[PDB]
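Encoded as structure tokens, the structure appears first; notes follow it.
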Number of protein chains: 10
Amino acid sequence: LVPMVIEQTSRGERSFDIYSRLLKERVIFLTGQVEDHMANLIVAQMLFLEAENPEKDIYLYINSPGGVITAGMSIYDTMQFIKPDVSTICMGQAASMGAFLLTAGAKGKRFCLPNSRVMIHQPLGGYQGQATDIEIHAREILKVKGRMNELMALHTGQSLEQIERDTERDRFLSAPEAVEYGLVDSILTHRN
Amino acid sequence: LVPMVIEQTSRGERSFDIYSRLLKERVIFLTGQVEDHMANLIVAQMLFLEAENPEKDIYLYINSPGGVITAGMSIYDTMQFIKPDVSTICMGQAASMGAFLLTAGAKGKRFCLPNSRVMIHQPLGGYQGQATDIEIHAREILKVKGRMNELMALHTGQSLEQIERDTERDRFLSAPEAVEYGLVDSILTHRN
Amino acid sequence: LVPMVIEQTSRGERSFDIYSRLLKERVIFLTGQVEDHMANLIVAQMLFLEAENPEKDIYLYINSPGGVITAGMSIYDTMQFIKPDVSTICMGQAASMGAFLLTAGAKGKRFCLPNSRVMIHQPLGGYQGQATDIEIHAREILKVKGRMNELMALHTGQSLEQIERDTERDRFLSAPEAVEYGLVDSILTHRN
Amino acid sequence: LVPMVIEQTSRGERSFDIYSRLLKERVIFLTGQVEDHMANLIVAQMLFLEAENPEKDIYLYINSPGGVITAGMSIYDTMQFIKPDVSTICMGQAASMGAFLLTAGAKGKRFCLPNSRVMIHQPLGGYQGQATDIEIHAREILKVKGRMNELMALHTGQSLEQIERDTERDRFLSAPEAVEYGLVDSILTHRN
Amino acid sequence: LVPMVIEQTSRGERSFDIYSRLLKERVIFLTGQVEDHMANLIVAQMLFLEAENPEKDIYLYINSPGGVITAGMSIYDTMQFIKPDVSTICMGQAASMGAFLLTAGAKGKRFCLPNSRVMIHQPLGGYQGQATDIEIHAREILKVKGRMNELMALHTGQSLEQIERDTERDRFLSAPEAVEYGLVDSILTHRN
Amino acid sequence: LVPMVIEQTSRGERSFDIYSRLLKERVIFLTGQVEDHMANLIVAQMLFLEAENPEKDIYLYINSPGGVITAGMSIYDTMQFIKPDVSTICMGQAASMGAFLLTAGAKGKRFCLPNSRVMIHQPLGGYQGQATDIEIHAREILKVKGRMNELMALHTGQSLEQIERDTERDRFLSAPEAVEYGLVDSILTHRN
Amino acid sequence: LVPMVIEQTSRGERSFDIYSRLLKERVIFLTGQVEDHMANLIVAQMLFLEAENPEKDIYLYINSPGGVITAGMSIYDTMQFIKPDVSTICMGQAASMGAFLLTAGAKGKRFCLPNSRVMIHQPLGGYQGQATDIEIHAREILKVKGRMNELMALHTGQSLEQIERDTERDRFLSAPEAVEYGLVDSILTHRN
Amino acid sequence: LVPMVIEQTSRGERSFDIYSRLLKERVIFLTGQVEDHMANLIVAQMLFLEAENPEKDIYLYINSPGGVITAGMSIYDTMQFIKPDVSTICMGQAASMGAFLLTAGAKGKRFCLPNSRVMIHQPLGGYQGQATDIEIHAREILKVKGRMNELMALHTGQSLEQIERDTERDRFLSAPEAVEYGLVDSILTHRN
Amino acid sequence: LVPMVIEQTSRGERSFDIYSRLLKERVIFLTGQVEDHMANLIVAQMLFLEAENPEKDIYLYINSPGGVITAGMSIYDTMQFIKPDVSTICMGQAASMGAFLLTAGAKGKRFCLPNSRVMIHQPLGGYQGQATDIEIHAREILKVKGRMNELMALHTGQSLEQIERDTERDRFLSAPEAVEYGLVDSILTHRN
Amino acid sequence: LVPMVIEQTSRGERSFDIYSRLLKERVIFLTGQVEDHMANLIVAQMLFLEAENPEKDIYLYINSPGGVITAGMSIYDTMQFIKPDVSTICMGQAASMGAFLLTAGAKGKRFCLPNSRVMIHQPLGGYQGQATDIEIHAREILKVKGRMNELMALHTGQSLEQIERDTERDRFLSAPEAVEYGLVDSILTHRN
């Protein structure tokens with residue numbers, strides 16, 4: 001059950017759900033397996049906040065084990081499109097897609113919690129059918145692999161060759177290791 | 001759950017769902033497997049917006065893997081019937097049915113995000129029963145194939161022969177490749 | 001548990017199961033649905049009897065609810081290939097393949113029990129996939145329908161047009177009706 | 001069904017759910033198997049209370065059998081990041097994660113009921129695949145085990161070596177035993 | 001479906017669910033299998049009622065077949081902690097945990113209906129694994145058994161050895177029998 | 001879904017579900033299998049209605065096929081406890097448990113529809129385990145059977161011996177037969 | 001069960017199963033789906049017949065819907081390795097592997113029945129996993145497709161390009177058409 | 001059912017199954033998944049052949065998709081232990097364990113059919129449990145990987161480093177490629 | 001199917017299965033999970049061989065993943081009861097029971113193949129029920145652990161304390177390590 | 001796969017299965033759960049041996065986890081009816097029925113292996129239905145418990161009161177403990 005909170009305003013007392021109250025403060029929660037429906041919801045929140053104030057910065061809290069690539073690209077493309085800088089904070093973990101979205105945040109505004117765990121791997125897919133169809137889908141996933149690696153190299157700042165080697169197999173990076181790799185910029189240890 | 005949002009108006013503060021709030025701005029979300037139930041909901045949204053302001057454009061956001069042809073065709077006929085132009089934007093991906101609706105958008109208003117993937121294929125179906133019945137259903141699906149290819153050629157601008165050859169098997173098109181093919185017009189890289 | 005029947009010959013006593021003993025008398029049983037394994041077994045028996053005596057008649061009892069068409073064609077082609085005349089008898093019921101194999105017996109050696117029944121209908125099938133593949137499989141089953149109807153008219157003496165009209169839907173026929181229709185030659189009521 | 005309670009305020013009477021009413025008093029309920037969804041909910045509740053009054057102490061009732069490690073670390077890091085001292089209380093039981101979060105509370109503000117049962121064990125995990133991938137995943141759970149033991153020693157005050165020996169297998173600690181170990185500070189037997 | 005009732009208050013009329021209306025009168029319903037989620041709901045109600053009026057007594061109605069030992073302890077420890085006296089009533093039945101919570105009520109305020117049943121038995125548990133871990137879990141369930149028999153002896157007033165003999169196997173106590181045993185104080189036959 | 005109804009009266013108009021509307025008129029619906037949750041709800045309504053006017057009668061409509069015994073005793077004990085007389089009416093049917101609650105109503109205020117059916121049978125149960133435990137449970141159900149027969153004899157007026165013989169096996173009684181037996185006092189054919 | 005047949009030899013009468021009796025006549029039956037177990041059995045028969053007589057031709061009857069490719073290659077390699085000429089005959093139907101083995105027979109000894117049907121299509125396969133592994137399995141199945149098409153061109157005599165065009169999709173061929181295509185040399189209609 | 005073959009000798013005719021007849025010729029079949037029961041059977045055949053003639057070469061036919069490693073080691077160890085040279089021939093496909101046993105044959109007596117396909121990959125495994133137990137099983141499977149690679153380098157002649165690089169992922173090899181890789185010696189294109 | 005082999009003796013030719021033939025040579029095959037049926041069969045073989053020749057050594061081949069303890073104890077007690085020295089050999093792998101029986105063989109006659117594996121761990125078990133019954137079954141499995149460890153120390157020659165430390169968790173050992181530990185006496189690499 | 005053994009007699013070599021060969025030596029095997037079918041088979045063996053030689057002792061090996069009581073009673077009554085002395089031996093384990101049959105052997109001819117185990121407990125049963133039927137089945141299982149306890153006291157020589165206390169719950173006993181308990185006579189440590 002989602003709890004309800006009261007917000008004091010000039011008009012009077014107002015009741016909001018815990019998630020909507022934080023949305024009012026430009027906070028979007030990315031939680032669980034990435035998919036088309038949850039991604040479209042996040043896209044709607046980014047566009048809504050852009051209109052309210054295109055100057056202020058938006059925040060994205062990523063705690064997810066990854067998911068569909070196509071759904072993630074909808075979020076990634078939306079972040080780069082809108083004028084507001086999107087700050088990404090990793091809570092708990094950030095897998096292949098969560099990590100791609102984490103590093104896709106605005107340069108200097110990417111954060112990670114101290115005990116967080118980041119993991120990056122290459123795309124995984126499968127197709128059953130004729131050899132001709134296999135060649136088509138096989139070429140498509142390879143293109144996505146190259147495209148994802150090219151974008152990660154840009155945000156992380158590492159060379160494309162290095163990304164291919166590291167993403168060939170699952171690689172787990174802690175919060176300090178991620179800072180060196182370039183996935184995140186700083187760690188939020190304590191409130192200052 | 002969907003996060004509620006507040007809209008300021010002359011009467012006072014008003015509460016709207018995230019999707020309903022965007023619907024007020026002539027934005028319709030086409031998400032997931034196309035089926036009769038969701039299609040009738042999109043049709044109702046279009047007709048409602050037409051009454052409010054037939055001059056203003058409508059924006060359809062497509063992120064779906066395709067689905068039933070009859071359900072998708074009810075959306076296409078609705079778009080062409082109504083006077084306002086229906087702009088189509090592709091987020092994440094637009095498969096066979098999603099691509100037909102995408103290219104069916106108003107000329108010059110079709111858009112695609114840079115990392116979106118547009119796949120087009122021919123109709124697929126099946127029937128079990130007597131040979132006489134199989135002949136009836138086989139002729140019907142073939143007629144549907146020609147109808148879809150005829151319309152796709154009209155919107156894309158390519159010849160019917162080329163569309164038939166290209167759609168004989170699954171064909172994946174990136175956002176730039178789609179521009180040359182004619183499925184879309186421009187790519188929304190960044191807000192200007 | 002098939003019973004064992006002892007056979008007395010000049011050499012001495014011999015033991016055989018109920019089915020092999022009848023096989024020695026050139027009697028083959030066609031029971032159950034027509035599949036590839038049972039059909040291949042019947043083919044071996046026919047070839048075996050031909051080598052033993054290429055001029056003595058063979059008896060084939062048919063009590064089956066029908067089955068695969070390809071399997072039946074192996075039996076039909078084998079019957080029309082070898083020199084011995086295959087006398088077919090209907091016991092209990094004769095479905096599409098059972099009736100086709102029944103009427104495929106040697107002219108003047110086709111029999112049917114009094115309380116037996118025969119059923120003829122058009123082929124059944126189906127396919128799931130692209131429209132292109134459907135056209136292929138649809139054309140194939142139609143050719144089978146035309147080919148099978150042609151053979152039925154040859155063995156029954158009826159006209160191809162009449163067969164097509166009677167095979168469009170399941171048609172049941174009794175033993176006397178089958179004689180008038182040309183499916184069988186005579187009814188075996190009592191030993192004389 | 002959750003009951004609704006009435007709160008008398010200067011503005012007037014207001015209706016609150018039982019869980020929301022206690023949230024207003026800085027009480028957060030941690031219940032059931034730990035997971036990403038419930039963890040983000042607790043995180044949102046903590047951040048919300050910090051904004052309202054970063055000086056007042058928060059309370060976190062813990063009755064859970066444990067769960068995912070990553071989800072728990074999000075709660076742990078959030079508790080340490082915010083300024084308010086989080087006072088953990090153990091109701092019924094506190095497993096591996098419930099205990100790790102229980103001992104993570106502010107020094108001097110960790111409590112447990114007299115009949116509560118605490119339990120600490122090493123991480124649980126598994127992976128199926130190639131030997132190379134097995135080695136990769138095996139090193140992570142070992143790092144998580146070492147990282148979790150380091151933090152437990154910091155809060156409880158026991159040496160790292162002792163924590164390893166005691167955490168090798170499931171160890172159950174009663175409320176008084178937990179006080180000596182260092183997981184909790186005091187027992188709440190009766191209201192004074 | 002839960003029905004809604006109207007309350008004639010000074011500040012107009014308010015609509016409350018049947019359970020919330022009774023909660024306002026310091027009545028809590030404990031029904032069904034005991035578990036962590038429902039137990040945390042009863043604890044919230046007990047704490048909320050204590051804040052409203054510590055002097056007034058809280059009524060608990062127990063109609064349950066028992067459940068998790070840990071979940072029940074959260075309720076038991078909460079009852080003893082709060083200053084107000086919890087008056088337990090037994091409707092229908094009161095199994096192992098329902099009976100433990102029933103007898104846990106304040107001395108002189110434990111009641112039972114004439115046709116109600118009571119059942120007390122030792123704890124139930126199980127574990128699968130190595131012999132070493134089996135020995136661990138076995139020691140705790142034995143320790144929990146001794147702890148529950150000590151507390152039951154205190155409320156009932158019977159010797160510890162007597163409780164062990166009876167609890168070894170399931171025992172069924174009628175309402176008058178429970179009074180003699182000490183589980184309850186009196187019976188509520190009719191309103192006076 | 002339940003249909004909402006409105007009351008056009010003074011002091012404003014109030015909308016309630018049809019079931020809650022009837023509850024205001026002192027009408028409680030007992031429908032379906034008896035269980036702890038539904039029985040607990042009925043208990044709240046009885047206790048709730050008592051507070052408004054202990055002098056006014058409460059109506060109970062029974063169309064249940066029977067259920068648990070413990071849940072039924074919670075209702076029976078509540079009816080006898082409260083001061084207002086509970087008038088039971090049988091709609092459709094009243095099985096073993098429903099019939100026990102039907103006859104338990106106030107003398108002279110028990111009714112049955114003309115085409116309603118009633119059946120009474122002994123308790124049914126089962127236990128799997130050691131022989132020692134079987135004896136415990138077998139003795140318990142026999143005590144329940146004797147207790148239920150004693151109460152039924154009291155309300156109906158028949159001797160305990162007659163009730164025992166009739167309840168050994170299912171006995172179906174029509175509305176007129178029930179009147180002679182004593183389960184109900186009169187029949188409601190038409191409104192006067 | 002398989003019927004037993006008596007064979008007269010120098011020693012005396014000898015009993016054998018129907019399949020074993022035909023095996024002595026240098027006849028092998030290929031029925032059902034191709035697999036490692038059935039394929040190895042056929043290989044053993046070919047080796048045994050070769051040792052018995054390395055100059056007498058062997059007969060292979062084919063009636064199967066196809067199957068694994070690797071299993072089929074074992075049979076194909078043996079036929080091309082041993083000195084005796086393997087005469088292939090098609091009964092009922094010959095699918096991808098059945099047709100490949102059919103056309104692989106000795107030149108001039110490939111026969112087909114009048115009503116038999118031949119179907120040829122490209123290999124079918126699938127893999128699920130990382131993009132790297134997909135490229136490997138995809139390249140492998142493509143080599144098989146090219147390798148199989150090369151062999152089919154050699155036996156049939158058709159150009160490699162024509163075989164590739166006709167194998168992209170399922171193609172059916174009657175016995176007369178198969179002769180023109182080069183799959184079989186002659187049609188066996190009547191022994192007379 | 002396996003066919004029967006009559007063997008003629010001076011003593012007289014004798015009947016053997018197809019597999020048993022080939023066993024007399026020192027021919028063993030390794031078909032299907034490699035498990036413990038099938039491997040144990042193969043070991044029994046090797047020891048039997050050694051006793052009758054410890055100087056004649058043995059022939060092992062391999063058509064298997066791989067299987068357990070422990071079962072494979074029993075076969076491998078027995079081949080090296082006995083004096084007779086085990087000639088390994090691969091029909092169809094040879095996976096990780098089939099290829100390992102294939103290359104384990106006597107130097108100069110390892111053959112491969114032309115259309116065969118060999119596949120080598122690193123071991124597979126997995127475990128679920130505590131972190132300590134995971135480290136144990138991880139070290140174990142890693143040792144197996146190193147041990148298996150060492151043996152492969154010895155039989156294939158390649159370097160340990162090269163084998164490690166080629167076995168990290170599934171690698172397919174045709175008959176000619178296996179010769180160059182040292183996995184086999186010659187190709188049995190024809191008996192000549 | 002198991003292959004049949006002929007044994008030439010002075011009396012004539014005798015046909016035996018592969019396992020029965022080796023049984024004549026005092027060779028027993030312990031393969032698969034250790035259950036009561038397979039174990040009882042091995043016991044019968046041991047007794048039969050003892051009656052034939054109580055002075056000739058018996059050979060027991062072991063390749064199994066372990067199993068029930070009670071079944072294994074019957075085999076162990078029989079080996080130590082009879083006079084013939086049971087020589088144990090390990091092929092592929094030897095689990096807890098497989099290793100216990102392996103090391104239980106006659107001193108100086110315990111062998112293992114080079115690439116074999118050995119695994120020793122403490123017993124496994126579990127129970128579900130009352131706390132009293134748990135204590136019983138827990139004490140029993142602990143006695144088995146102590147009993148089995150005592151026997152292992154006797155045959156291997158290691159101290160009881162060392163065995164307990166090495167059996168607390170799964171411990172893997174290769175053939176060379178087993179020799180040093182004392183489970184086996186030597187390694188069989190070649191016949192010469 | 002039961003192995004086959006050859007028995008050398010004056011007439012000539014004979015063939016028997018391992019179990020049948022031992023049956024000639026008056027050895028019966030009681031393996032697995034005690035059911036009607038297996039018990040009936042054992043009864044037939046006991047009667048056959050009596051007719052062959054009613055003066056030679058019979059040997060019964062028991063390795064079973066128990067089962068139905070009625071089936072075991074057939075074996076017990078049969079052993080006490082025939083004249084030969086049935087020497088019982090336990091291997092691995094002896095449960096409730098296994099131990100009952102074990103102690104039922106002839107006095108002075110009851111043996112146990114050194115590492116065997118025994119478990120005795122009261123009967124287990126259950127019934128679902130009307131309360132009347134429960135009393136019937138309850139009384140029946142109680143009589144069986146007393147009857148079986150009386151017989152156990154007779155063979156073991158223990159008092160009936162002592163057996164009742166021990167049988168109440170599962171009691172485990174080792175071979176030496178069984179001797180002191182009168183359950184067996186001696187331990188077969190070695191043949192000697």
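Lettering and numbering for the structure tokens are positional, with chains as A, B, ... in the shown order, residues counted from 1 in each chain, and ligands counted from 1 in the shown order.
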
I'd like the superposed copy of chain H - fitted to chain A by least squares over all paired Cα atoms - as a CSV table (one decimal) with C-alpha atoms, in the first residue's frame.
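What landed in part-v4.csv:
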chain,number,residue,atom,x,y,z
H,1,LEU,CA,-0.4,0.3,-0.5
H,2,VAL,CA,1.4,3.6,-1.1
H,3,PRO,CA,1.1,6.0,1.8
H,4,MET,CA,-0.5,9.4,1.5
H,5,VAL,CA,1.3,12.7,2.4
H,6,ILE,CA,-0.4,16.1,3.1
H,7,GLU,CA,1.2,19.1,1.4
H,8,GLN,CA,0.6,22.5,3.1
H,9,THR,CA,0.5,25.6,0.9
H,10,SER,CA,-1.1,29.1,0.9
H,11,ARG,CA,-4.1,27.7,-0.9
H,12,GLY,CA,-4.6,25.0,1.7
H,13,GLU,CA,-3.7,21.5,2.6
H,14,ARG,CA,-3.6,18.9,-0.3
H,15,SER,CA,-3.2,15.1,-0.3
H,16,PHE,CA,-0.8,13.3,-2.6
H,17,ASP,CA,0.6,9.8,-2.8
H,18,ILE,CA,4.3,9.4,-1.8
H,19,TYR,CA,5.4,9.1,-5.4
H,20,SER,CA,3.3,12.0,-6.7
H,21,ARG,CA,4.5,14.3,-4.0
H,22,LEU,CA,8.1,13.6,-5.0
H,23,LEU,CA,7.2,14.2,-8.6
H,24,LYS,CA,6.6,17.8,-7.8
H,25,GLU,CA,10.2,18.0,-6.7
H,26,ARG,CA,11.4,16.7,-10.1
H,27,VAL,CA,12.2,13.3,-8.7
H,28,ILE,CA,11.4,10.2,-10.9
H,29,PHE,CA,11.7,6.6,-9.8
H,30,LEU,CA,13.0,3.9,-12.2
H,31,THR,CA,12.3,0.7,-10.3
H,32,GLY,CA,12.0,-2.9,-11.4
H,33,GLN,CA,12.4,-4.5,-14.7
H,34,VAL,CA,12.6,-2.1,-17.6
H,35,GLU,CA,9.6,-2.8,-19.9
H,36,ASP,CA,7.6,-0.7,-22.4
H,37,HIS,CA,4.7,0.3,-20.1
H,38,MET,CA,7.0,1.5,-17.3
H,39,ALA,CA,9.3,3.3,-19.7
H,40,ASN,CA,6.4,5.0,-21.4
H,41,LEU,CA,5.2,6.3,-18.0
H,42,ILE,CA,8.7,7.7,-17.2
H,43,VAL,CA,8.8,9.5,-20.6
H,44,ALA,CA,5.5,11.2,-19.8
H,45,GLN,CA,6.9,12.5,-16.5
H,46,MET,CA,9.9,14.0,-18.2
H,47,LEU,CA,7.9,15.9,-20.7
H,48,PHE,CA,5.6,17.1,-18.0
H,49,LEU,CA,8.4,18.5,-15.8
H,50,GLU,CA,10.0,20.1,-18.9
H,51,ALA,CA,6.8,22.1,-19.6
H,52,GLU,CA,6.4,23.5,-16.1
H,53,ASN,CA,10.1,24.4,-15.8
H,54,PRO,CA,12.4,23.6,-18.7
H,55,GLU,CA,15.4,25.0,-16.8
H,56,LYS,CA,15.3,23.2,-13.5
H,57,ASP,CA,17.3,20.0,-13.1
H,58,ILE,CA,15.5,16.7,-13.0
H,59,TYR,CA,16.4,13.7,-10.7
H,60,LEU,CA,16.1,10.1,-11.8
H,61,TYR,CA,16.6,7.4,-9.2
H,62,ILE,CA,17.6,4.0,-10.7
H,63,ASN,CA,17.3,0.6,-8.9
H,64,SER,CA,16.6,-2.0,-11.6
H,65,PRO,CA,18.0,-5.3,-12.8
H,66,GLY,CA,17.8,-4.2,-16.4
H,67,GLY,CA,15.3,-5.1,-19.1
H,68,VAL,CA,14.3,-4.5,-22.7
H,69,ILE,CA,16.6,-2.3,-24.8
H,70,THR,CA,14.0,-0.6,-27.0
H,71,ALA,CA,12.2,0.6,-23.9
H,72,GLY,CA,15.5,2.0,-22.6
H,73,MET,CA,16.2,3.9,-25.7
H,74,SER,CA,13.0,5.9,-25.4
H,75,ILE,CA,14.1,7.1,-21.9
H,76,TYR,CA,17.6,7.8,-23.1
H,77,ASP,CA,16.5,9.7,-26.2
H,78,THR,CA,14.0,11.8,-24.2
H,79,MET,CA,16.7,12.8,-21.7
H,80,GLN,CA,19.0,14.0,-24.4
H,81,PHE,CA,16.2,15.7,-26.3
H,82,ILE,CA,14.9,17.8,-23.5
H,83,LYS,CA,16.7,20.9,-22.2
H,84,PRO,CA,16.7,20.1,-18.4
H,85,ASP,CA,19.7,18.2,-17.2
H,86,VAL,CA,18.7,14.8,-15.9
H,87,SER,CA,20.7,13.9,-12.8
H,88,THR,CA,21.0,10.2,-12.5
H,89,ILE,CA,21.4,8.5,-9.0
H,90,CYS,CA,21.7,4.8,-8.6
H,91,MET,CA,20.4,3.1,-5.4
H,92,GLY,CA,20.8,-0.6,-4.9
H,93,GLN,CA,22.0,-2.0,-8.3
H,94,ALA,CA,22.2,-0.8,-11.9
H,95,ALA,CA,22.3,-3.4,-14.6
H,96,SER,CA,22.9,-3.1,-18.4
H,97,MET,CA,20.0,-0.7,-19.0
H,98,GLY,CA,20.1,0.9,-15.6
H,99,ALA,CA,23.9,1.6,-16.0
H,100,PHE,CA,23.4,2.8,-19.6
H,101,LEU,CA,20.7,5.3,-18.4
H,102,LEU,CA,22.8,6.1,-15.3
H,103,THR,CA,25.9,7.1,-17.3
H,104,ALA,CA,23.6,8.8,-19.8
H,105,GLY,CA,22.8,11.6,-17.3
H,106,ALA,CA,24.2,15.1,-17.5
H,107,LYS,CA,28.0,15.3,-17.2
H,108,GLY,CA,28.8,16.2,-13.6
H,109,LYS,CA,25.4,15.2,-12.2
H,110,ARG,CA,25.8,11.4,-12.2
H,111,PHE,CA,26.1,10.1,-8.6
H,112,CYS,CA,26.1,6.7,-6.9
H,113,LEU,CA,25.5,5.6,-3.4
H,114,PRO,CA,28.5,4.0,-1.6
H,115,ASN,CA,27.1,0.5,-1.3
H,116,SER,CA,25.6,0.4,-4.8
H,117,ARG,CA,26.8,-2.0,-7.5
H,118,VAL,CA,26.8,-1.4,-11.2
H,119,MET,CA,26.8,-4.2,-13.8
H,120,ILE,CA,27.4,-3.9,-17.6
H,121,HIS,CA,27.2,-6.6,-20.2
H,122,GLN,CA,26.5,-7.0,-23.9
H,123,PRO,CA,22.9,-7.4,-25.2
H,124,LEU,CA,21.0,-10.6,-25.1
H,125,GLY,CA,18.6,-12.1,-27.6
H,126,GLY,CA,17.6,-15.0,-29.7
H,127,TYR,CA,15.5,-16.3,-32.6
H,128,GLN,CA,14.1,-19.5,-33.9
H,129,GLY,CA,13.3,-20.1,-37.6
H,130,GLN,CA,14.9,-20.3,-41.0
H,131,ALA,CA,18.5,-19.6,-41.6
H,132,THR,CA,17.7,-16.5,-43.6
H,133,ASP,CA,15.7,-15.0,-40.8
H,134,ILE,CA,18.4,-15.9,-38.3
H,135,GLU,CA,21.0,-13.9,-40.3
H,136,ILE,CA,18.7,-10.8,-40.2
H,137,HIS,CA,18.1,-10.9,-36.4
H,138,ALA,CA,21.8,-11.6,-35.8
H,139,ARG,CA,22.9,-8.6,-37.8
H,140,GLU,CA,20.2,-6.5,-36.0
H,141,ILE,CA,21.3,-7.4,-32.4
H,142,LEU,CA,25.0,-7.0,-33.5
H,143,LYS,CA,24.2,-3.4,-34.6
H,144,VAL,CA,22.6,-2.7,-31.3
H,145,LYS,CA,25.7,-4.0,-29.5
H,146,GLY,CA,27.9,-1.6,-31.5
H,147,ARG,CA,25.5,1.3,-31.1
H,148,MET,CA,25.2,0.8,-27.4
H,149,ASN,CA,29.0,0.5,-27.0
H,150,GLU,CA,29.5,3.7,-29.0
H,151,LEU,CA,27.2,5.7,-26.7
H,152,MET,CA,28.8,4.2,-23.6
H,153,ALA,CA,32.3,5.3,-24.8
H,154,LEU,CA,31.0,8.8,-25.3
H,155,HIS,CA,29.5,9.2,-21.8
H,156,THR,CA,32.1,7.3,-20.0
H,157,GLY,CA,35.0,8.8,-22.0
H,158,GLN,CA,36.7,5.4,-22.4
H,159,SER,CA,37.7,4.0,-25.8
H,160,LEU,CA,35.4,1.9,-28.0
H,161,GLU,CA,37.9,-0.9,-28.0
H,162,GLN,CA,38.1,-1.0,-24.2
H,163,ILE,CA,34.3,-0.9,-23.8
H,164,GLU,CA,34.0,-3.9,-26.2
H,165,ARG,CA,36.5,-5.9,-24.2
H,166,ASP,CA,34.9,-5.1,-20.8
H,167,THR,CA,31.3,-5.8,-22.1
H,168,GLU,CA,31.9,-9.2,-23.7
H,169,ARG,CA,31.0,-10.7,-20.3
H,170,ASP,CA,29.2,-9.5,-17.2
H,171,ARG,CA,31.4,-7.0,-15.3
H,172,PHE,CA,30.6,-5.8,-11.8
H,173,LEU,CA,31.7,-2.4,-10.5
H,174,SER,CA,31.4,-0.9,-7.1
H,175,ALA,CA,30.8,2.8,-6.5
H,176,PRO,CA,34.5,3.9,-6.4
H,177,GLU,CA,35.3,1.7,-9.5
H,178,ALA,CA,32.5,3.4,-11.4
H,179,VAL,CA,34.0,6.8,-10.8
H,180,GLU,CA,37.4,5.7,-12.2
H,181,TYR,CA,35.6,4.1,-15.1
H,182,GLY,CA,33.9,7.4,-16.0
H,183,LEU,CA,30.5,5.8,-15.5
H,184,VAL,CA,29.6,8.2,-12.6
H,185,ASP,CA,31.0,11.5,-11.2
H,186,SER,CA,30.8,11.5,-7.4
H,187,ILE,CA,29.5,9.5,-4.4
H,188,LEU,CA,26.8,10.8,-2.0
H,189,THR,CA,28.3,9.4,1.2
H,190,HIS,CA,26.6,12.1,3.3
H,191,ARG,CA,24.3,15.1,2.8
H,192,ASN,CA,27.0,17.4,4.0

Which of chain G DSSP labels strand (DSSP E), written as a PyMOL selection string: chain G and resi 4-8+13-17+27-31+58-64+86-94+111-112+117-120+124-130+171-174+186-187

All helix (DSSP H, G or I) positions in chain H, as a ChimeraX atom specification: /H:18-24,36-52,69-81,96-103,131-156,160-167,175-180
